[PDB]
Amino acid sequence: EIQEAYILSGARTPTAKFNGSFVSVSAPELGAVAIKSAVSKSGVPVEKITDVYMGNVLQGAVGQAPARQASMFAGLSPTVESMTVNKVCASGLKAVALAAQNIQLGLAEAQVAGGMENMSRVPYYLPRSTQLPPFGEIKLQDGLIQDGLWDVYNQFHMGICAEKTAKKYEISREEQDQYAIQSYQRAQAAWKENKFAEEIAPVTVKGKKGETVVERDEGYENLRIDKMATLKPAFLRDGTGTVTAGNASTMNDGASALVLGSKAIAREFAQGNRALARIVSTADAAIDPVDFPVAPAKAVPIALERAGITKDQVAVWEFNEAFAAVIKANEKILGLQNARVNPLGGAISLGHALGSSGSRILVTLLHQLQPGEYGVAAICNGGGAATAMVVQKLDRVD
């Protein structure tokens, strides 16, 4: 009765800087680029793909039905069904977990799933006339802040949440910054050898003169060891701050996508796929909103149990580097310091376009795997939660 789901491909766009190369390109347009490549590399006749699920946290001004736009701009048939998913930062992974379910229940044989975000293109919000005062100062919220990084209950940024955790586990400035430098170092190492060449789909942004062709993550080069310890705290300006702009994730523009199928679909069209893998298990989990940084420490045991697997059978972990504070706490709680986490860099140097990051880390994870090895992809999200996915890399199906 219940079947399993296979990843056939993975294609993310280059992660652009805030107010950078993708300011002209809507999140769906980025999404379509990531989709068009992923299908191409999967092998499956498109006709077999039936649904497109895409994460998107900030849908303000994106237009009607963001995920639908991705599907249409990708050249997929109006006949394909779609849905825009919002689990804050877990959105991209969750969209893959849900697309999996259509296959696990036999409802479909091929699905497209991932995430997209253009944080440069998020608007400010001007209330309509019945919610404006008759006179006096009006405060306009950015939307990146209000809907993306502002905790509703404690009424403070996600960076304060990261301070309260960095305090509670005795994580210090100098090891947050060491982790950051390492993030950047690993990202530079990786780009020197062009370790993301195969996984990246290049974005042709046209405008005025002719066409740029963007191929390269923006922000990984830009590390300056000297300044790193001089960097002022970014959220906590009371004396005790530790999280800075250098040791936090950056705001970014980009999109990622994966093609999924049944056993039957893989066997018939995707046996020698670069990305090839089996979705072993997934799991969500929630705790108090403040404690969102460790919510991965609660969602990975579950996914692992559901996997029938232990910490020590997992080759490479890919946690989303939302802060250095975060990774380091989750490393100390799961006892993974001496394990292969974010070998090619993370959100601190590779960027963090919200709705995409869940699926982007998976795409990166699938290209660092030897046949038979177990991969984990985990990602915290605001509100107090995470989702983790256990996958296994394969050369073939049977």
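Position 1 is the first residue in the sequence shown; the rest follow in order.
S.K.: Name the higher of the two by mean Cα B-factor in the PDB entry, 335-343 versus 362-370.
M.R.: Going by the record's values, the stretch with the higher mean is 335-343.
S.K.: Quick check: 313-321 versus 116-124, which has the larger average CA B-factor in the record?
M.R.: Looking at the recorded C-alpha B-factors, 313-321 comes out higher on average.
S.K.: Based on what the PDB entry reports, which of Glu137, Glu198, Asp217, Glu81 has the top C-alpha B-factor?
M.R.: Of the candidates given, the C-alpha B-factor peaks at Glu198.
S.K.: Please pick out which of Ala108, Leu144, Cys89, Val326 has the largest Cα B-factor as recorded in the entry.
M.R.: The record points to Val326.
S.K.: Using the B-factors in the PDB entry, rank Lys48's C-alpha atom against the chain and give the third, lowest, middle or highest.
M.R.: Its C-alpha B-factor, which the entry lists for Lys48, ranks in the highest third among residues of this chain.
S.K.: Hey, what third does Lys36 fall into on Cα B-factor, ranked over its chain?
M.R.: Middle third of the chain for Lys36's C-alpha B-factor.
S.K.: Quick one: classify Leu236 as lowest, middle or highest third of the chain based on its Cα B-factor.
M.R.: Its C-alpha B-factor belongs to the highest third of this chain's values.
S.K.: State the tercile, meaning the lowest, middle or highest third, of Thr242 with respect to the CA B-factors recorded for its chain.
M.R.: Top third by C-alpha B-factor.
S.K.: Relative to the other modelled residues of the same chain, rank the CA B-factor of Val290 and answer lowest, middle or highest third.
M.R.: Ranked within chain, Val290 CA B lands in the middle tercile.
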